[PDB]
Structures are given as C-alpha cells and as structure tokens.
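The next block is run04.pdb, given as PDB, C-alpha atoms.
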```pdb
ATOM      1  CA  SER A   1     -25.355  12.789  16.735  1.00  0.00           C
ATOM      2  CA  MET A   2     -22.428  14.662  18.076  1.00  0.00           C
ATOM      3  CA  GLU A   3     -20.642  11.324  18.691  1.00  0.00           C
ATOM      4  CA  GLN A   4     -20.999  10.363  14.938  1.00  0.00           C
ATOM      5  CA  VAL A   5     -19.449  13.703  14.016  1.00  0.00           C
ATOM      6  CA  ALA A   6     -16.533  13.178  16.481  1.00  0.00           C
ATOM      7  CA  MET A   7     -15.992   9.689  14.991  1.00  0.00           C
ATOM      8  CA  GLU A   8     -16.051  11.233  11.516  1.00  0.00           C
ATOM      9  CA  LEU A   9     -13.478  13.867  12.479  1.00  0.00           C
ATOM     10  CA  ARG A  10     -11.142  11.046  13.819  1.00  0.00           C
ATOM     11  CA  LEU A  11     -11.563   9.189  10.487  1.00  0.00           C
ATOM     12  CA  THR A  12     -10.774  12.375   8.616  1.00  0.00           C
ATOM     13  CA  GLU A  13      -7.666  12.958  10.604  1.00  0.00           C
ATOM     14  CA  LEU A  14      -6.587   9.296  10.136  1.00  0.00           C
ATOM     15  CA  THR A  15      -7.119   9.834   6.388  1.00  0.00           C
ATOM     16  CA  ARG A  16      -4.857  12.895   6.588  1.00  0.00           C
ATOM     17  CA  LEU A  17      -2.112  10.929   8.314  1.00  0.00           C
ATOM     18  CA  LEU A  18      -2.488   7.919   5.887  1.00  0.00           C
ATOM     19  CA  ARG A  19      -2.262  10.265   2.903  1.00  0.00           C
ATOM     20  CA  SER A  20       1.093  11.524   4.164  1.00  0.00           C
ATOM     21  CA  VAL A  21       2.198   7.865   4.839  1.00  0.00           C
ATOM     22  CA  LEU A  22       1.130   6.860   1.303  1.00  0.00           C
ATOM     23  CA  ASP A  23       3.114   9.696  -0.219  1.00  0.00           C
ATOM     24  CA  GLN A  24       6.208   8.777   1.726  1.00  0.00           C
ATOM     25  CA  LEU A  25       5.883   5.067   0.714  1.00  0.00           C
ATOM     26  CA  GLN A  26       5.299   5.868  -2.911  1.00  0.00           C
ATOM     27  CA  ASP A  27       8.484   7.994  -2.940  1.00  0.00           C
ATOM     28  CA  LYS A  28      10.324   4.801  -2.139  1.00  0.00           C
ATOM     29  CA  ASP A  29       9.151   3.567  -5.600  1.00  0.00           C
ATOM     30  CA  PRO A  30      10.846   6.020  -7.894  1.00  0.00           C
ATOM     31  CA  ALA A  31      10.632   3.685 -10.878  1.00  0.00           C
ATOM     32  CA  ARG A  32       6.763   3.717 -10.483  1.00  0.00           C
ATOM     33  CA  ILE A  33       6.679  -0.071 -10.668  1.00  0.00           C
ATOM     34  CA  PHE A  34       3.802  -0.178  -8.161  1.00  0.00           C
ATOM     35  CA  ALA A  35       1.964   2.952  -9.251  1.00  0.00           C
ATOM     36  CA  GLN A  36      -0.862   1.330 -11.241  1.00  0.00           C
ATOM     37  CA  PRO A  37      -2.649  -2.047 -11.452  1.00  0.00           C
ATOM     38  CA  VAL A  38      -0.907  -4.782 -13.316  1.00  0.00           C
ATOM     39  CA  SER A  39      -2.503  -4.582 -16.816  1.00  0.00           C
ATOM     40  CA  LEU A  40      -4.682  -7.635 -17.627  1.00  0.00           C
ATOM     41  CA  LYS A  41      -4.275  -6.734 -21.308  1.00  0.00           C
ATOM     42  CA  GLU A  42      -0.466  -7.079 -20.968  1.00  0.00           C
ATOM     43  CA  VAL A  43      -0.460  -9.900 -18.340  1.00  0.00           C
ATOM     44  CA  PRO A  44      -3.618 -11.839 -19.293  1.00  0.00           C
ATOM     45  CA  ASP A  45      -2.980 -14.778 -16.870  1.00  0.00           C
ATOM     46  CA  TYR A  46      -2.320 -12.473 -13.846  1.00  0.00           C
ATOM     47  CA  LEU A  47      -5.474 -13.382 -11.907  1.00  0.00           C
ATOM     48  CA  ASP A  48      -4.657 -17.073 -12.221  1.00  0.00           C
ATOM     49  CA  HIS A  49      -1.540 -16.295 -10.106  1.00  0.00           C
ATOM     50  CA  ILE A  50      -2.577 -13.364  -7.875  1.00  0.00           C
ATOM     51  CA  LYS A  51      -5.946 -13.412  -6.223  1.00  0.00           C
ATOM     52  CA  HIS A  52      -6.009  -9.975  -4.639  1.00  0.00           C
ATOM     53  CA  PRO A  53      -4.103  -7.511  -6.903  1.00  0.00           C
ATOM     54  CA  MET A  54      -3.104  -4.181  -5.367  1.00  0.00           C
ATOM     55  CA  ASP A  55      -1.236  -1.010  -6.354  1.00  0.00           C
ATOM     56  CA  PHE A  56      -0.746   2.555  -5.149  1.00  0.00           C
ATOM     57  CA  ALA A  57      -3.516   4.121  -7.324  1.00  0.00           C
ATOM     58  CA  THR A  58      -6.052   1.592  -6.039  1.00  0.00           C
ATOM     59  CA  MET A  59      -4.982   2.414  -2.410  1.00  0.00           C
ATOM     60  CA  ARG A  60      -5.293   6.110  -3.098  1.00  0.00           C
ATOM     61  CA  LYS A  61      -8.896   5.627  -4.347  1.00  0.00           C
ATOM     62  CA  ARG A  62      -9.766   3.762  -1.169  1.00  0.00           C
ATOM     63  CA  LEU A  63      -8.000   6.336   0.983  1.00  0.00           C
ATOM     64  CA  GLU A  64      -9.845   9.258  -0.557  1.00  0.00           C
ATOM     65  CA  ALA A  65     -13.189   7.596  -0.014  1.00  0.00           C
ATOM     66  CA  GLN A  66     -12.081   7.341   3.671  1.00  0.00           C
ATOM     67  CA  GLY A  67     -12.075   3.596   3.231  1.00  0.00           C
ATOM     68  CA  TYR A  68      -9.288   2.688   5.711  1.00  0.00           C
ATOM     69  CA  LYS A  69     -10.778   2.464   9.273  1.00  0.00           C
ATOM     70  CA  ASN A  70      -7.399   1.869  10.933  1.00  0.00           C
ATOM     71  CA  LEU A  71      -3.656   1.591  10.068  1.00  0.00           C
ATOM     72  CA  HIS A  72      -3.870  -2.248  10.007  1.00  0.00           C
ATOM     73  CA  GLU A  73      -6.222  -2.155   6.945  1.00  0.00           C
ATOM     74  CA  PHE A  74      -3.838   0.258   5.112  1.00  0.00           C
ATOM     75  CA  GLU A  75      -0.819  -1.903   5.920  1.00  0.00           C
ATOM     76  CA  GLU A  76      -2.669  -4.971   4.647  1.00  0.00           C
ATOM     77  CA  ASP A  77      -3.006  -3.303   1.250  1.00  0.00           C
ATOM     78  CA  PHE A  78       0.684  -2.170   1.243  1.00  0.00           C
ATOM     79  CA  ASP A  79       1.773  -5.691   2.058  1.00  0.00           C
ATOM     80  CA  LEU A  80      -0.293  -7.057  -0.845  1.00  0.00           C
ATOM     81  CA  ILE A  81       1.591  -4.819  -3.261  1.00  0.00           C
ATOM     82  CA  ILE A  82       4.907  -6.273  -2.071  1.00  0.00           C
ATOM     83  CA  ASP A  83       3.853  -9.851  -1.514  1.00  0.00           C
ATOM     84  CA  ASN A  84       2.012 -10.181  -4.906  1.00  0.00           C
ATOM     85  CA  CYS A  85       5.139  -8.968  -6.693  1.00  0.00           C
ATOM     86  CA  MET A  86       7.519 -11.287  -4.825  1.00  0.00           C
ATOM     87  CA  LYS A  87       5.337 -14.259  -5.814  1.00  0.00           C
ATOM     88  CA  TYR A  88       4.678 -13.411  -9.510  1.00  0.00           C
ATOM     89  CA  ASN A  89       8.214 -12.274 -10.293  1.00  0.00           C
ATOM     90  CA  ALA A  90      11.410 -14.221  -9.814  1.00  0.00           C
ATOM     91  CA  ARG A  91      14.215 -13.178  -7.454  1.00  0.00           C
ATOM     92  CA  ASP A  92      16.495 -12.066 -10.302  1.00  0.00           C
ATOM     93  CA  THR A  93      14.090  -9.473 -11.704  1.00  0.00           C
ATOM     94  CA  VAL A  94      13.935  -5.730 -11.395  1.00  0.00           C
ATOM     95  CA  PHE A  95      10.359  -6.124 -10.199  1.00  0.00           C
ATOM     96  CA  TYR A  96      11.167  -8.423  -7.272  1.00  0.00           C
ATOM     97  CA  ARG A  97      14.156  -6.309  -6.299  1.00  0.00           C
ATOM     98  CA  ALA A  98      12.006  -3.168  -6.374  1.00  0.00           C
ATOM     99  CA  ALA A  99       9.558  -4.798  -3.960  1.00  0.00           C
ATOM    100  CA  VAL A 100      12.303  -5.805  -1.524  1.00  0.00           C
ATOM    101  CA  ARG A 101      13.634  -2.214  -1.482  1.00  0.00           C
ATOM    102  CA  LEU A 102      10.089  -0.819  -1.013  1.00  0.00           C
ATOM    103  CA  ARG A 103       9.463  -3.211   1.876  1.00  0.00           C
ATOM    104  CA  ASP A 104      12.740  -2.355   3.585  1.00  0.00           C
ATOM    105  CA  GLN A 105      12.413   1.401   3.135  1.00  0.00           C
ATOM    106  CA  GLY A 106       8.690   1.472   3.945  1.00  0.00           C
ATOM    107  CA  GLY A 107       9.226  -0.319   7.287  1.00  0.00           C
ATOM    108  CA  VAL A 108      10.798   2.815   8.771  1.00  0.00           C
ATOM    109  CA  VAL A 109       7.844   5.015   7.709  1.00  0.00           C
ATOM    110  CA  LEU A 110       5.295   2.528   8.941  1.00  0.00           C
ATOM    111  CA  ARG A 111       7.066   2.065  12.282  1.00  0.00           C
ATOM    112  CA  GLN A 112       6.610   5.778  13.105  1.00  0.00           C
ATOM    113  CA  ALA A 113       3.094   5.866  11.621  1.00  0.00           C
ATOM    114  CA  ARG A 114       2.015   3.265  14.146  1.00  0.00           C
ATOM    115  CA  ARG A 115       3.465   5.324  16.999  1.00  0.00           C
ATOM    116  CA  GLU A 116       1.565   8.450  15.685  1.00  0.00           C
ATOM    117  CA  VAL A 117      -1.704   6.627  15.295  1.00  0.00           C
ATOM    118  CA  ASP A 118      -1.495   5.283  18.898  1.00  0.00           C
ATOM    119  CA  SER A 119      -0.103   8.570  20.294  1.00  0.00           C
ATOM    120  CA  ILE A 120      -2.752  10.940  18.756  1.00  0.00           C
ATOM    121  CA  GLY A 121      -5.412   8.178  19.240  1.00  0.00           C
TER     122      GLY A 121
END
```

Target encoding structure tokens, full file:
Amino acid sequence: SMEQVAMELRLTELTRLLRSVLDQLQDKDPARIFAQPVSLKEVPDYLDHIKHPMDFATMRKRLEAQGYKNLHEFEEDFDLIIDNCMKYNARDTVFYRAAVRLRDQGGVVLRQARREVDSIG
C-alpha cells in the first residue's frame, strides 16, 4: 500500500535523525568507555549484576536495522548504558564518573531531539 510506504519513509527519516543523535551522544564519550559490550570473558559475573546490558555498538546495530520505532525506545537504550554503569561501578571510579558526564551532556542533545521529533512529526 501507499500508506505502508509513507510509514516506511517516516521510519527512515526517524532513523536518520536518531543516527545523528547517536553520533552526538557518542562524542560525549571520548574515552570510548561505552562503545562496546562489557566483555563476559573479562567480567564473567556481569550478568549476575546487570540484566539488560547495553552499549553504543549494540544500539547502532538496532538503529541500522530500523529497530527504534520512536525516540522513547532509543532513549530507553541510552538510559540503560548509563544506569547499568552507575550500578555495577562505584562512585569513585572512572567508569561511574564517565556515565554521569555522558548523562549530563547527553540531556542537552536529547532535549532538542524530542522537539525535532515532535516538530517534524
């Protein structure tokens, strides 16, 4: 149908906007602490602590399969990156601190993303 195509074009354009958002958030992680999944070879107990691991490469895979239907789903995944880290790592660690800085800096980007998603529909 023509409607299915129109819906698909909307999803494609959301994917375009989310790709730009993801790039801007990942720039706020210059140490690449959140770039890849936590290694279960190096942290063998991780899944005993964290039930839904997340990282920027995993988000990118979902994004490129057009797997985010809306901004809320994408933000859920970004929040998991931060929240998982702040639980597993203590306050005095470079990992925790990196997450706080990512959260604070990402808030600005996500604030305008939400306006753009609503604005452009």

I'd like the contact shell of residue 67 (chain A) - 12 Å cut-off, all atoms listed in the file, skipping same-chain residues fewer than 3 positions apart - returned as a PyMOL selection string. chain A and resi 8+11-12+14-15+18-19+58-64+70-71+73-74+77

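A straight line drawn from CA of residue 10 (chain A) to CA of residue 121 (chain A) is 8.4 Å long.
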
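Across the model, the gap from CA of residue 22 (chain A) to CA of residue 119 (chain A) is 19.1 Å.
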
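Note that the spacing between CA of residue 106 (chain A) and CA of residue 25 (chain A) amounts to 5.6 Å.
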
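Of the residues under consideration (A:32, A:91, A:16, A:72), A:72 shows the shortest atom-to-atom contact distance to residue 111 (chain A) when counting all atoms listed in the file.
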
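When the distance limit is 12 Å and all atoms listed in the file are what count, the residues near residue 100 (chain A), minus those fewer than 2 positions from it on the same chain, are residues 28, 29, 79, 81, 82, 83, 84, 85, 86, 87, 89, 90, 91, 92, 93, 94, 95, 96, 97, 98, 102, 103, 104, 105, 106 and 107 of chain A.
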
Identify, on the basis of all atoms listed in the file, every residue whose closest approach to residue 55 (chain A) does not exceed 8 Å; exclude the query and any residue fewer than 6 positions from it along the same chain; express the result as a list in words. residues 34, 35, 36, 37, 38, 78 and 81 of chain A
